[PDB]
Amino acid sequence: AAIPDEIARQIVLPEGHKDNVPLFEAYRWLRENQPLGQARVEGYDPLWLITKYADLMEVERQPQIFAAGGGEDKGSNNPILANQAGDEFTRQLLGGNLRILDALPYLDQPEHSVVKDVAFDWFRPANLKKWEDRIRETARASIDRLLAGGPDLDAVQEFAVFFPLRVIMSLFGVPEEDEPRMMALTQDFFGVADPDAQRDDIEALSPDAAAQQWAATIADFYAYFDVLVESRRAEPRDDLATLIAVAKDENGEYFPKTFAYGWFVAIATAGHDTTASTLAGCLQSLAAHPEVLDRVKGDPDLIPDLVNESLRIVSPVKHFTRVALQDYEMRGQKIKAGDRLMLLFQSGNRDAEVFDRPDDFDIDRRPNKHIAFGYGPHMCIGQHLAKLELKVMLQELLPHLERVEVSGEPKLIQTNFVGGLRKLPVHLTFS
């Protein structure tokens, strides 16, 4: 049978993610009682909810069966779950399809492989070492401002958001004075269904509001990135903007500008927001588990383990969708050609078949098998930059912290997509 309606709504509807406790209890109910069922929520297409770690890997390693963008019918699947009214808005705007960005999540092989190869080498761990000193100087400047501002703050809006934004805009080539604009458009982009992040220029209460906000935000990013692409093509620099802006295909022709736009939107949004969420979630966990803060100050070589367990627990990228290109049997269920799937990375990260005491914050999981970056050819391109920035910041910050106390009510972004904390009121004790 269909998944029970209140479990299905908890995961599908963005409002279901406002509070992590009922959300994670819904993922757990499925993993334990209905690990592969179809959610049939009013206003949404039917979705197979992929809740089990093994099933996330099985789907993601088979892109010839489970497409992101619809395969040869390009744009026939939206990889980022919108409601039906929203997908209808987008088909009206684009003319029949949902490919509103040329960014990697919307692409299938072989197009996906050709475009990803433009930046694959730049993002490898050996090619990121040249940025470590600049990252460390940025972390140290951010920590100097934290110490100067005193012990009482919102660890998100008054600390964690700034470091990853400055890192990516510096590597990317965007000037420091444009950081506030990029931060505002990132809030619009990941806040399409959050009541406190509504744009002024869209009908907030329309059935397709989130889709209108998504489209409006992308148009603003395009306007900004068109100037940057033309600038770097005219005058190349040694920055990531140039690598993407000047990229040419196998025939020597630039990729269409929208392909650069797509990289730039992904880097300008996911490139800082997920890292900020993970850092704030790490601070929240160190408040709950002060013995962990003591241990990592005692042995700074535990910092990568702390980053891996923060990634597993926070898991800020909650899903992407796939479509079945053929019928496929999994876990005793018959997925039919055309059926959509929702990949629940946060649920995979709590799967008791893989993780002992999966809700416990345990930095001693070695290896830490988390799937917070996903899997398969679409696996996070930024993962190594994220792990480096979080390592460098924790190496510089934790010596300066004796204790983190949460002094006020935490707030999460209301989204089923790219979430995590927007507010974490703390009282810090500095060393």
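All residue numbers are counted from 1 along the displayed sequence.
* Asked: Hey, which bit's got the bigger mean C-alpha B factor in the entry, 363 to 371 or 377 to 385?
  -> Per the deposited B-factors, the answer is 363 to 371.
* **Higher-B stretch (mean Cα B-factor, as the entry records it), 31 to 39 or 397 to 405** => The recorded data point to 397 to 405.
* Asked: Quick one: which of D208, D327, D73, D144 has the biggest Cα B-factor according to the entry?
  -> The C-alpha B-factor peaks, among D208, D327, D73, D144, at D144.
* Asked: Going by the deposited entry, which of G338, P105, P236, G281 has the highest CA temperature factor?
  -> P236 has the highest C-alpha B-factor of those listed.
* **Third of chain Cα B-factors occupied by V317** => Lowest third of the chain for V317's C-alpha B-factor.
* Which third, lowest, middle or highest, does the CA B-factor of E230 fall in along this chain? -> Highest third of the chain for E230's C-alpha B-factor.
* Third of the chain, ranked by Cα B-factor, where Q213 sits -> Within its chain, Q213 is a lowest-third residue by C-alpha B-factor, going by the deposited values.
* Split the chain's modelled residues into thirds by Cα B-factor; is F159 in the lowest, middle or highest one? -> Tercile = highest for this residue's CA B-factor.
* Entry-reported Cα temperature factor of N97, expressed as the chain third it lands in -> As the PDB entry reports it, the C-alpha B-factor of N97 lands in the lowest third of its chain.
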